[PDB]
Structure formats: C-alpha cells, structure tokens
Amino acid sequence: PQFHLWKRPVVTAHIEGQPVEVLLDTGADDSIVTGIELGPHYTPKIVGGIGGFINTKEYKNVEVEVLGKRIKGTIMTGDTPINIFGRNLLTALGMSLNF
C-alpha cells in the first residue's frame, strides 16, 4: 500500500499500550516521542535538528504496534514538537521511498 505525499504521512501507533499519532520521516535517523512514560532504565542523549539540539532519554527494546504489526525497537523521549518515527523503525516496517 503507499502514502502519496500531498498530505503529512501520519499514522497512529501503540507504544507499550499507549496510542500516539506519529509522522513517518525518512530524513530522521532515529525516533523521539513525547507525552508517553517509559521507565527509569534509560540512557541520556542529545539529538540535534534544524533550530538547535534537545536532551533525550533512550529506551531500548520497546514494544510498538503499527500498520498491523508488532515490532520491538529503540525510542527516545524528549521535548519534540511532533512525534517522529525515523529510519530505524521504517526499515523494520519494510518501507521504501519509491519513484
């Protein structure tokens, strides 16, 4: 199936049972989410974007249900203005950019 990019490529995902709207982003290396609580077992990180950088919390082997499939992967949480699924999860969902 595919996304024709006249609108933002947005889907609903469940992270450890919690539902979240996410943007599927090929220019992101990694994924970052806000407004979800995931535990004390994290490593501190900083990710850089366009306007500067932010502090994040990296969680490994998190359970994610999206597009009729359940995968486990790395998620960061931090003060992002929008939630992003980056290339790390898009490869796990078998997505490609086609032309």
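Start at 1 and count along the sequence shown; that's the residue number.
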Mean CA B-factor: is it higher for 70 to 78 or for 47 to 55? 47 to 55
Mind checking which third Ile36 falls in for C-alpha B-factor across the chain? highest
If you rank every modelled residue in this chain by C-alpha B factor, which third holds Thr91: lowest, middle or highest? middle
Determine, from the deposited record, the chain-internal third of the Cα B-factor for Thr12: lowest, middle or highest. middle
